Protein chains: 2
Amino acid sequence: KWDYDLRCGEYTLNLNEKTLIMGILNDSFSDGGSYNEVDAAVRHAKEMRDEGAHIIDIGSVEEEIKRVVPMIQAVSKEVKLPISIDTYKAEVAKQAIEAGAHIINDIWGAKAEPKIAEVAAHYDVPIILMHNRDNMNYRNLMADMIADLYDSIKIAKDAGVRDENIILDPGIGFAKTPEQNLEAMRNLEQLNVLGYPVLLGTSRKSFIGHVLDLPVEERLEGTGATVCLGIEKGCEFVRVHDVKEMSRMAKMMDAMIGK
Amino acid sequence: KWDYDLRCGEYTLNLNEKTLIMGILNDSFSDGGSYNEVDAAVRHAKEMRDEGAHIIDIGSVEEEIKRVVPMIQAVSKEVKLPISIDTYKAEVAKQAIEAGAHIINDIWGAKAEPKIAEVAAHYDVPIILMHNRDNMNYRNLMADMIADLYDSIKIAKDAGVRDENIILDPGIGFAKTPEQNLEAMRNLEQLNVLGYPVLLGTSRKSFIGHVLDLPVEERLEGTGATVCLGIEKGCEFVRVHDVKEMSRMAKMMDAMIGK
Ligand SMILES: Nc1nc2[nH]nc(CCC(=O)O)c(=O)c2c(=O)[nH]1
Ligand SMILES: Nc1nc2[nH]nc(CCC(=O)O)c(=O)c2c(=O)[nH]1
């Protein structure tokens with residue numbers, strides 16, 4: 001039970017009533033801004049909003065800014081929903097919050113560019129710290145993830161990030177072998193000891209294919225399974241591609257566990 | 001971990017390698033036997049077999065026999081898979097095992113017709129005892145289910161049913177209000193204390209509709225959720241309509257829990 005709300009500027013996400021669904025949002029001849037790109041992005045944001053999403057996830061440094069900023073301007077204007085920027089770069093994160101993004105989403109947990117934590121602290125936005133490393137050489141998988149995530153928190157907190165603006169992510173499908181991904185899934189509740197909300201990103205990932213022997217477009221039931229087990233282990237967010245399907249699955253879980 | 005195998009005549013089901021999927025099998029102008037009925041039933045058994053099922057569930061006393069026997073004769077002849085007979089009637093169960101059914105499936109847990117337990121004992125077949133009662137007046141839901149199931153076991157055991165041929169079923173969607181169905185789902189692990197394999201039948205049931213507000217044909221993600229939570233609480237079998245989808249979901253769960 002959370003004694004606070006996730007504060008994202010205009011919108012506020014309660015962490016107790018339901019599992020929050022973060023939808024993953026989708027051009028040559030262009031460096032960024034086109035009518036085809038930004039319109040296709042808006043149609044997708046609109047659709048995801050209609051089918052249950054609570055957050056929209058939008059994700060060459062000069063290029064990244066000129067691609068992603070126009071998309072954030074449009075979607076935040078036209079879809080009444082908090083937006084997260086999927087970057088590990090300090091400068092891109094700044095840009096995106098300027099252009100209207102509400103939440104930062106760092107796949108390197110402030111280790112790639114520590115200054116990103118300083119960006120987060122400054123704009124007073126929620127930051128997702130995902131587990132990652134440049135190797136798969138674990139002494140004890142869970143004990144090391146928790147160790148590594150903790151170092152991400154230290155960087156965030158030293159930078160002035162408030163406890164309430166910190167969300168953790170086990171980084172499934174990162175620096176982990178098929179068997180190590182399943183181990184983290186099996187032991188996800190361990191992350192709860194750190195005292196922070198947890199986000200789970202497993203949608204359509206490679207290890208589902210390893211188990212089911214099924215290609216990326218055939219991983220819906222597999223995704224569902226990982227979402228269900230994640231919610232049962234106390235996840236606050238799930239980052240999925242199939243918003244309609246996962247929303248229903250999340251909703252039925254919530255009823256059963258009594259969230 | 002089970003130190004024995006579920007013995008069903010010609011076929012043997014191991015209870016440790018995977019969650020066993022039981023598929024639910026599907027005429028006017030006829031009292032039983034027609035070419036349309038039994039062929040449509042065989043096509044369905046064949047399909048379910050092809051998409052992951054491990055058991056086929058086939059389910060006016062004179063009528064019941066003349067309807068169900070011809071279907072069992074055909075399916076057991078043409079599909080290499082154990083068959084269960086979904087009845088609570090002693091005479092129908094006898095007939096069906098004579099006609100080739102391998103497992104009895106009693107929705108009244110030997111309380112409607114105690115002589116059915118005697119049928120089961122005699123042919124030495126596995127029997128599923130499902131929780132049921134003629135009222136919803138519970139002191140303590142779980143404590144009462146376990147009490148009631150135990151009385152089913154007493155009838156079975158007095159009749160000569162061996163411990164290894166007994167499987168339990170919480171009887172979700174029976175004698176339980178929408179809120180009581182969710183409570184049993186939340187507390188399913190409690191059934192494990194009785195020492196018997198558990199089968200979970202929640203496919204497309206009314207309470208999924210109550211939660212999701214969705215009609216019977218729109219309850220696939222909801223079913224999945226109940227299956228995933230059930231496997232996580234240690235179910236050995238799931239009784240589902242959507243064999244393709246649930247098999248994949250069962251398989252991905254099994255990988256994650258380490259079954
Ligand atoms: N927080 C978080 N951010 C991500 N960004 N990008 C990716 C990669 C894109 C995709 O494969 O889903 C990802 O998996 C995650 C994640 O699991 N979690
Ligand atoms: N063991 C068992 N047998 C059944 N027979 N028939 C039914 C009813 C048919 C259907 O609605 O699925 C059932 O739900 C069960 C069950 O949940 N479990």
Side-chain angles (χ1 to χ4, degrees), chain A residues 19 130-131 136 138 140-146 168-192 198-214 216 218-242 245-246 249-250 252-254 256-257, chain B residues 1 14-21 52 54 185 188-189 192 198 200 221 223-238 240 244-259:
Chain A
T19 309
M130 183 191 86
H131 178 259
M136 344 98 298
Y138 296 105
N140 173 203
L141 181 72
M142 289 313 301
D144 294 335
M145 293 182 43
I146 292 164
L168 263 27
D169 188 303
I172 299 290
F174 291 88
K176 291 176 188 65
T177 69
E179 298 79 24
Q180 298 171 323
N181 289 325
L182 292 163
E183 200 182 325
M185 283 310 299
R186 184 159 58 252
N187 289 293
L188 247 214
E189 71 282 5
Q190 288 190 46
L191 308 188
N192 299 349
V198 177
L199 158 86
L200 184 64
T202 61
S203 186
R204 288 173 197 183
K205 288 259 176 81
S206 161
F207 84 107
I208 293 161
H210 178 258
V211 173
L212 286 178
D213 198 34
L214 286 185
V216 71
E218 288 284 320
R219 292 172 189 176
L220 198 137
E221 303 78 16
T223 296
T226 68
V227 167
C228 289
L229 185 55
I231 291 164
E232 203 274 325
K233 289 178 180 298
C235 286
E236 279 75 37
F237 314 85
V238 304
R239 177 180 180 279
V240 296
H241 292 88
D242 300 293
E245 298 75 9
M246 302 307 113
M249 259 192 258
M252 179 68 46
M253 280 305 297
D254 292 358
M256 286 179 304
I257 61 159
Chain B
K1 190 170 61 204
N14 180 47
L15 308 160
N16 299 303
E17 69 170 325
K18 63 193 169 175
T19 309
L20 299 159
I21 312 304
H54 293 121
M185 283 310 299
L188 247 214
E189 71 282 5
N192 299 349
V198 177
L200 184 64
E221 303 78 16
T223 296
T226 68
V227 167
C228 289
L229 185 55
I231 291 164
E232 203 274 325
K233 289 178 180 298
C235 286
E236 279 75 37
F237 314 85
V238 304
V240 296
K244 182 187 219 180
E245 298 75 9
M246 302 307 113
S247 285
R248 295 182 173 178
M249 259 192 258
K251 200 178 173 199
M252 179 68 46
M253 280 305 297
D254 292 358
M256 286 179 304
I257 61 159
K259 200 174 187 182

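Numbered from 1 within each chain, the chains take letters A, B, ... in sequence-line order. Hydrogens, waters and symmetry mates play no part in the numbers below; they use all other heavy atoms, side chains included.
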> Return the set of residues passing salt bridge (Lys or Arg N to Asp or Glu O under 4.0 Å) with A/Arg239 (not counting sequence neighbours), or none when no residue passes.
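A/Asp57, A/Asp86.
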> Among all residues two or more places apart in sequence or in another chain, which pass the salt bridge (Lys or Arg N to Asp or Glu O under 4.0 Å) test with B/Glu189?
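So B/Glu189 forms a salt bridge (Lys or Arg N to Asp or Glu O under 4.0 Å) with B/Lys233.
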> Does NE2 belonging to A/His241 count more than 12 external heavy atoms closer than 6.0 Å?
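Enclosed.
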> How many angstroms lie between atom NZ of B/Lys18 and atom NZ of B/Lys251, to the nearest 0.5 angstrom?
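Taking NZ in B/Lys18 and NZ in B/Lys251, the distance rounds to 8.5 Å.
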> Which heavy-atom pair separates A/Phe174 from A/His131 by the least distance, and what is that distance?
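Heavy atoms only, the tightest pair is CB-O, 4.0 Å.
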> Nearest 0.5 Å, please: how far is CG in A/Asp169 from OG1 in A/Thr202?
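Taking OG1 in A/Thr202 and CG in A/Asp169, the distance rounds to 9.5 Å.
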> Between atom CG of A/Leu220 and atom CD of A/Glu245, what is the distance when rounded to the nearest 0.5 Å?
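It comes to 5.0 Å.
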> Quick one: pull up CD1 in A/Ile208 and CD1 in A/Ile172 and give me the separation to the nearest 0.5 Å.
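Answer rounded to 0.5 Å: 9.5 Å.
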> Apply salt bridge (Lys or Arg N to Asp or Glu O under 4.0 Å) to B/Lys259 and list each qualifying residue two or more places apart in sequence or on a separate chain.
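For B/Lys259 there are no salt bridge (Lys or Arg N to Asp or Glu O under 4.0 Å) partners, ignoring immediate neighbours.
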> Are there more than 12 heavy atoms of other residues, nucleotides or ligands under 6.0 Å from atom CG of A/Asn140?
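More than 12 within 6.0 Å, yes.
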> Identify the heavy atoms of A/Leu212 and B/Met252 that sit nearest to each other, and give their distance.
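Minimum heavy-atom separation between A/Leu212 and B/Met252: CG-CE, 3.6 Å.
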> What are the two closest non-hydrogen atoms of A/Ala250 and A/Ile231, and how far apart are they?
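Minimum heavy-atom contact is CA-CD1, 3.7 Å.
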> Please find the pair of heavy atoms, one from A/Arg186 and one from B/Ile257, that lie closest to each other, and give the distance.
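Distance-wise, the nearest heavy atoms are CD-O, 3.1 Å.
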> What residues form a side-chain contact (heavy atoms from CB on, under 4.5 Å) with B/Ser247, not counting sequence neighbours?
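With neighbours one apart ignored, the set is B/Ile21, B/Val243.
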> Return the CE to CG distance between A/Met185 and A/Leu200, rounded to the nearest 0.5 Å.
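Between atom CE of A/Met185 and atom CG of A/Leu200 there are 5.0 Å.
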> For A/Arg204, does its backbone N or O pair with a side-chain atom of A/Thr223 as donor and acceptor, under 3.5 Å?
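Yes: the side chain of A/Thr223 pairs with the backbone of A/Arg204.
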> Does B/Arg248 pair with A/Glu218 as a salt bridge, N-O distance under 4.0 Å?
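Here B/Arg248 pairs with A/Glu218 in a salt bridge, since their nearest N and O are under 4.0 Å apart.
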> For residues B/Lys1 and B/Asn16, report the shortest heavy-atom separation together with the two atoms involved.
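Heavy atoms of B/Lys1 and B/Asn16 come nearest at CA-OD1, 3.4 Å.
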> Not counting sequence neighbours, which residues clear side chain to side chain donor-acceptor pair (under 3.5 Å) with A/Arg219? List them please.
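Testing A/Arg219 for side chain to side chain donor-acceptor pair (under 3.5 Å), a comparison that skips the adjacent residues, returns none.
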> What are the two closest non-hydrogen atoms of A/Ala184 and A/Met142, and how far apart are they?
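Scanning both residues completely, I find the closest heavy atoms to be CA-SD, 3.9 Å.
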> Could you pull out all residues at least two apart from B/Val198 that satisfy side-chain contact (heavy atoms from CB on, under 4.5 Å)?
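Per chain and number, B/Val198 pairs via side-chain contact (heavy atoms from CB on, under 4.5 Å) with B/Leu168, B/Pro170, B/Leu191, B/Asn192, B/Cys235, B/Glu236.
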> For A/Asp254, what residues pass the side chain to side chain donor-acceptor pair (under 3.5 Å) criterion, not counting sequence neighbours?
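A/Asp254 satisfies side chain to side chain donor-acceptor pair (under 3.5 Å) with A/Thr19 once adjacent residues are dropped.
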> Taking only residues two or more places apart in sequence or in another chain, which ones pass side-chain contact (heavy atoms from CB on, under 4.5 Å) with A/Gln180?
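Per chain and number, A/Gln180 pairs via side-chain contact (heavy atoms from CB on, under 4.5 Å) with A/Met136, A/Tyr138, A/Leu141, A/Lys176, A/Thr177.
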> Using the side-chain contact (heavy atoms from CB on, under 4.5 Å) criterion, which residues pair with B/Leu20? Sequence neighbours excluded.
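Per chain and number, B/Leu20 pairs via side-chain contact (heavy atoms from CB on, under 4.5 Å) with B/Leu13, B/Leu15, B/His54, B/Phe237.
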> Would you give the length of the straight line joining atom CE of A/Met249 to atom SG of B/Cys228, rounded to the nearest 0.5 angstrom?
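Here the interatomic distance stands at 7.0 Å.
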